[PDB]
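Asks: enclosed are the sequence and the experimentally obtained structure.
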Amino acid sequence: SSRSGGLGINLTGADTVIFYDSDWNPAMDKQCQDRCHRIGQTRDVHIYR
DNA sequence: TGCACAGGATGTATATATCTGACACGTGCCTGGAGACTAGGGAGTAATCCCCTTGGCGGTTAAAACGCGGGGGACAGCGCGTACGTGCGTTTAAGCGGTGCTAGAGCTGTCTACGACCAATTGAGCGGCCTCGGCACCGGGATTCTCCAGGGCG
Ligand SMILES: [Mg+2]
């Protein structure tokens, strides 16, 4: 979810981010895909919308 | 001699004159009915401001909700005996008729304290405020307080 687990976690596992709906994306939505892209990812991140 | 009868000698409901009690009707003096003047208390309005809502997403917590074991307490059954229920005779005392009283209950003038009604002052009491020492909540630790397992004892 956006507010619960889409804010501070470390997950490096997924290579893809999917967004069903985005209300605010100056910042708040940018954090969601940045939960995916991290230091431990050696693969390019493909982010859809 | 045993017996029926004709009339008196008592009862008894029956019908008549008589004694309370309560409804019904005819008054006149403290009530109501009503007319006019004053006026302040009630009906009506103009802001107002002020706390009280509008509508619904999520995240999380504390409180509400459900589920089972069983332990003890509600609860049915049943025997006992003494404690009132029921029935007599015997007594003390209230009900009631009647009486002599009085001392307190009950309606009415006097005036006189004495409280109702109305200006003038103010100060003690109410709106406003802003602090700190008592209060709210919880840790530390000692203390008590109940729960469960032998075992020494039946
Ligand atoms: Mg961080």
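Replies: Great, that's in hand. Numbers count the residues shown, from 1 in each chain, chains lettered A, B, ... in the order given.

Asks: could I get the full set of strands for chain A?
Replies: A:16-17, A:46-47 (DSSP state E).

Asks: who touches the last one?
Replies: Defining contact as Cβ atoms under 8 Å, 6 or more residues apart in numbering, one finds that strand A:46-47 is touched by A:15, A:16, A:17, A:19, A:33, A:36. Where you see a C-beta, it was placed from the backbone N, CA and C, and this is true even at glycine.

Asks: and the fifth one, what does it touch?
Replies: Which is residue A:33. A:17, A:19, A:45, A:47.

Asks: just checking, the second one touches residue A:29?
Replies: Yes - taking Cβ atoms under 8 Å as the definition, residue A:19 is a contact partner of residue A:29 at 6.9 Å.

Asks: filter the contacts of strand A:46-47 to the buried ones?
Replies: The neighbour count (16 or more other Cβ atoms under 10 Å) marks A:17, A:33, A:36 as buried among those.
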